[PDB]
Amino acid sequence: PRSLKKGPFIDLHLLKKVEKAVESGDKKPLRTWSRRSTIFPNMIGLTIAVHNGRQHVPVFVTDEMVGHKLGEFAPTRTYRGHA
Amino acid sequence: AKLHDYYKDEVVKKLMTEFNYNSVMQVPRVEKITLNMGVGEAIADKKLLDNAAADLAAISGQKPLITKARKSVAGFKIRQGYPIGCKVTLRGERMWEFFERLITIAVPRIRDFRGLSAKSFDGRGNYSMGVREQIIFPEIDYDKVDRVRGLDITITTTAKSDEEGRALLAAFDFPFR
Amino acid sequence: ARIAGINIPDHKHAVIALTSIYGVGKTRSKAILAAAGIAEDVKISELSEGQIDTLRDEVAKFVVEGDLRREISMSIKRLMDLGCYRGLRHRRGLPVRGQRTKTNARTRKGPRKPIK
Amino acid sequence: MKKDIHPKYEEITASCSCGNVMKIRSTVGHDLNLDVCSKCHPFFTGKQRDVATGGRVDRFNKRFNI
RNA sequence: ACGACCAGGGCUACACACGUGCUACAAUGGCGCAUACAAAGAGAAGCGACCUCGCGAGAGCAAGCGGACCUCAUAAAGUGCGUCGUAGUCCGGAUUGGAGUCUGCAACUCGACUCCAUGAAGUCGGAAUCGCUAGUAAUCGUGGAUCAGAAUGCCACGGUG
RNA sequence: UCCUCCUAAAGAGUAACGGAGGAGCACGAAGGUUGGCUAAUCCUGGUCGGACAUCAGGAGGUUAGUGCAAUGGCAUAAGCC
Ligand SMILES: [Mg+2]
Ligand SMILES: [Mg+2]
Ligand SMILES: [Mg+2]
Ligand SMILES: [Mg+2]
Ligand SMILES: [Mg+2]
Ligand SMILES: [Mg+2]
Ligand SMILES: [Mg+2]
Ligand SMILES: [Mg+2]
Ligand SMILES: [Mg+2]
Ligand SMILES: [Mg+2]
Ligand SMILES: [Mg+2]
Ligand SMILES: [Mg+2]
Ligand SMILES: [Mg+2]
Ligand SMILES: [Mg+2]
Ligand SMILES: [Mg+2]
Ligand SMILES: [Mg+2]
Ligand SMILES: [Zn+2]
């Protein structure tokens, strides 16, 4: 993982979109290609449509979803089985 | 009979208060404790039954009654009359002294003990629990034994309801939860 | 010879029979015996019961069998309930850490499953 | 009770690490030294402490400052 | 547009089959402490002492070096003493959880390493099959290229033999 | 050849190449006596333990049992120790 001295990581355009949806108080799904951004505690309660390579799957943000990144909730390989 | 004296002096006064019974004979009381080991594997060998009865004879100092099959079932490959388990009925002072050694020694010797259930009172006050492993009693030597048995305890009391027995064991600080 | 719920073999040494505890290893067993002042070359035999009580207090300083198994199951079911990639790997039975599943995933996948 | 078929059931003393000296009737014969008793078992404090969920937001804010 | 630009994903998937390798199943050994003997290489957007802090990977300050000068860099196997005493073990280390470091805009998919805990299979391998004739096989470590980072592969080096 | 039920018409008996089933034994205790006991099934709770072993309680009240076919009996048990 990343060093603590660097802190977390998040895209600036994402942190501005979070700050906008916070101040506006709108619950629109934020579509986002930032699969590498760590979730912040101010992101709790938002639908964020994480890209997977092909489309945007919506992720409601939970308390437990704080210390992770957005890509963990957007699986990129679809596998059902061989038979 | 130490807990029997503690029953007779403080539990009856407590329950008469917390239920507002008309008579003192209306209070619950414990009647018997039954110690079963269902040994369905003794059809393989008698020695497993014969040694499981030896361990439980050490727990409660009575010779166990070897129980047999009431009828025959084929899913278990048993016939009517095979010795299939062992039981011990405990009454009186030997009941109270086992119940003291139980709630004082053996329940703390449970691995990962985290409480009992209050949902095991068979709708009519009679409590039933089952232990996974006989080594929680200190009567059994750990090197000397070879096979992990298990038994089940059935406390039969005179409480009509389920809560009057729950309050009775809680008056004996029985670790429900 | 009975620490933290379970029994402990007497013929082995101190650090090893302590390492029989689910939650300690040779490191933490050295930290236990160093905090109890007990030499490592002694057995669980020829120990004072006061030394074993000091040992029980030192083991009680850490997280062990029932607590540790509860915490491990809580972390796994936290990933299960989140539905992250690690949760999906934990419930598909597949390796979590990014290993290969084309070949050599036999620890998580068990023995071979023949094509029928 | 019957006479011979039963094992010996004799009053002995069982002392514990919390110093809970307790005399019980048992089939052990020798005296007993315990590890935990019902007085000193962590059923009333330790199992309550041993859940220990902890917070994820608090972990996040703990790891740094803005 | 079968051309060009960008983000994200993929080339790392997984009922399975094969090839080439690594580590093992231990006592001709795992352990701990002490200690002896190498060669050949690389280094400036680099190698990075000493000292301090950290259990640690590492961090800070910071000399010296375009290098028979300085650095990578203490060779390990070995030997001496004690230890385990045949067990799925003080063998084996997979797997998984938690805490971290570093590189790099950025380690979710998808990095390496460290610490604590965890401790699978495996007790010498069916039919079958491979390499090797002497400083060889076997075994033991070392270095380099590629490379921000990322080898059990490759290319080289000496030790025992 | 023998047993049981129906046909068989409320005493007995009563036929058909009429309708349905069994027997050609067993037991030295599965007999005698004294003493005692009372089922099937289901519900709940409960270690391994599972639809179903054993254990405790409750409903039920013979729907069970009778060495074997059926019928008639059987709690004073003819049933079970
Ligand atoms: Mg351990
Ligand atoms: Mg791209
Ligand atoms: Mg490829
Ligand atoms: Mg090892
Ligand atoms: Mg050596
Ligand atoms: Mg040694
Ligand atoms: Mg095996
Ligand atoms: Mg072996
Ligand atoms: Mg590199
Ligand atoms: Mg290089
Ligand atoms: Mg060589
Ligand atoms: Mg007539
Ligand atoms: Mg007539
Ligand atoms: Mg008869
Ligand atoms: Mg009679
Ligand atoms: Mg049941
Ligand atoms: Zn105590």
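- Its PDB header attributes the entry to cryo-EM and lists the resolution as 2.9 Å.

1. With respect to the protein's contact with RNA strand F
All names here are of chain B.
And step 1. The full set close to RNA strand F counts 33 residues, and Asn36, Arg70, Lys87, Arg132 and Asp152 are the nearest of them.
And step 2. Put simply, 61% of the atoms of RNA strand F that lie within 4 Å of the protein are in sugar or phosphate.
And step 3. One nitrogen or oxygen atom from the side chain of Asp152 is found 2.5 Å from a sugar or linking oxygen belonging to RNA strand F.
And step 4. Of all the elements in the fold, those that place two or more residues in the surface near RNA strand F are β1 (30-38), β2 (65-68), β3 (83-87), β5 (127-131) and β6 (151-157).
And step 5. Ranked by residues supplied to the surface near RNA strand F, first place goes to β1 with 5 residues.
And step 6. Residue composition of the surface near RNA strand F, grouped by class: 9 nonpolar, 13 polar and 11 charged.

2. Side note on the interface of chain C and chain B
And step 1. Opposite the 5 residues of chain C that make contact, chain B presents 6 residues.
And step 2. Taken together, both faces of the contact between chain C and chain B bury some 470 Å²; the carbon and sulfur share is 50%.
And step 3. When residues of chain C are sorted by the area they lose upon contact with chain B, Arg2, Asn7 and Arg70 of chain C head the list and together hold 71% of the total.
And step 4. At the surface where chain C touches chain B, the tally comes to 1 salt bridge.
And step 5. A salt bridge links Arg70 of chain C to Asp112 of chain B, with the nearest nitrogen and oxygen atoms 3.2 Å apart.
And step 6. Elements represented by at least two residues in the side of chain C that touches chain B include exactly β2 (6-7) and α4 (65-82) of chain C.
And step 7. Broken down by class, the residue content of the side of chain C that touches chain B amounts to 1 nonpolar, 2 polar and 2 charged.

3. Notes on the protein's contact with RNA strand E
And step 1. Neighbouring RNA strand E are 55 residues; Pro1, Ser3 and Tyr79 of chain A together with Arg28 and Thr101 of chain C lie closest to it.
And step 2. Each atom of RNA strand E within 4 Å of the protein belongs either to a base or to sugar and phosphate, the latter forming 75%.
And step 3. Within the contact set of RNA strand E, a phosphate oxygen lies 3.1 Å away from a backbone nitrogen or oxygen of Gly23 of chain C.
And step 4. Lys109 of chain C is positioned such that a nitrogen or oxygen atom in its side chain is 2.7 Å from a phosphate oxygen of RNA strand E.
And step 5. Put simply, the parts of the chain that give the surface near RNA strand E at least two residues each are α2 (26-36), α4, α5 (85-92) and α6 (106-109) of chain C.
And step 6. Each residue belonging to the surface near RNA strand E can be placed in one class, and the counts come to 15 nonpolar, 16 polar and 24 charged.

4. Examining the interface of chain B and chain D
And step 1. At the junction of the two partners, chain B supplies 25 residues and chain D supplies 19 residues.
And step 2. Here chain B and chain D share 2 salt bridges between them.
And step 3. A salt bridge links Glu93 of chain B to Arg25 of chain D; the nearest nitrogen and oxygen atoms lie 3.8 Å apart.
And step 4. Among the elements of the structure, α2 (46-59) and α3 (93-106) of chain B are those that each provide at least two residues to the side of chain B that touches chain D.

5. Focus: a positive patch on the surface
All names here are of chain A.
And step 1. A cluster of basic residues, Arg2, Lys5, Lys6 and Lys69, forms a positive patch at the surface.
And step 2. Its location among the elements puts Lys69 in the segment after β3 (56-60).
And step 3. We classify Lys69 as partly exposed; its relative accessible area is 36%.

6. Here's the deal with the sheet that holds strand β2 (residues 47-51) of chain A
All names here are of chain A.
And step 1. A sheet is described by the order of its strands in space; here 3 strands give the open sequence β1-β2-β3, paired in mixed fashion. In this open sheet, the two strands that pair with only one neighbour each are β1 (30-32) and β3. Strand-to-strand, the axes of this sheet are offset by a mean angle of 30 degrees, without reference to chain direction.
And step 2. Bridging between β1 and β2 involves 3 bridges; their strand directions are parallel. Paired with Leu30 across the two strands is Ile48, which belongs to β2.

7. Comments concerning the pattern of salt bridges
And step 1. Taken as a whole, this structure holds 19 salt bridges over all chains when the rule is applied.
And step 2. Close ionic contact of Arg111 of chain B with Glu133 of chain B constitutes a salt bridge, the shortest N to O distance being 3.4 Å. Taken as a pair, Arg111 of chain B in the loop between α3 and β5 and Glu133 of chain B in the loop between β5 and β6 lie far apart in primary sequence, 22 residues in all.
And step 3. Given the relative accessible area of 24%, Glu133 of chain B is considered partly exposed.
And step 4. Ionic contacts of the salt-bridge type, sharing partners, join the residues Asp112 of chain B, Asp67 and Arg70 of chain C together with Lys47 and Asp50 of chain D into one network.

About the cut-offs
- Residues numbered from 1 in each chain as written, not as in the entry; some residues may be left out.
- Chains lettered and ligands numbered in written order.
- Part of a larger assembly, values for the part shown.
- Heavy atoms only, no water.
- Near = heavy atom within 4 Å.
- Polar contact = N/O pair within 3.5 Å; in protein donor to acceptor, adjacent residues only side chain to side chain.
- Helix = DSSP H or I, 4+ residues; strand = E, 2+ residues; numbered from the N terminus.
- Nonpolar A, V, L, I, M, F, W, Y, C, P; charged D, E, K, R; others polar.
- Contact = heavy atoms within 4.5 Å.
- Buried area = accessible area lost by both parts, 1.4 Å probe.
- Salt bridge = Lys/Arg side-chain N within 4 Å of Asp/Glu carboxyl O.
- Patch = residues over 30% accessible without salt bridge, like charges linked within 9 Å, V, L, I, M, F, W, Y side chains within 5 Å.
- Areas by Shrake-Rupley, 256 points an atom, 1.4 Å probe, with all protein chains shown as cover.
- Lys, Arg positive; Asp, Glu negative; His and termini not counted.
- Charge placed at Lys NZ, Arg CZ, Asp CG, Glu CD.
- Buried < 20%, exposed > 50% of the residue type's maximum accessible area, 1.4 Å probe, protein only.
- Pairing = 2+ DSSP bridges.
- Axes fitted to C-alpha atoms, helices over the stretch in contact; angles between N-to-C directions.

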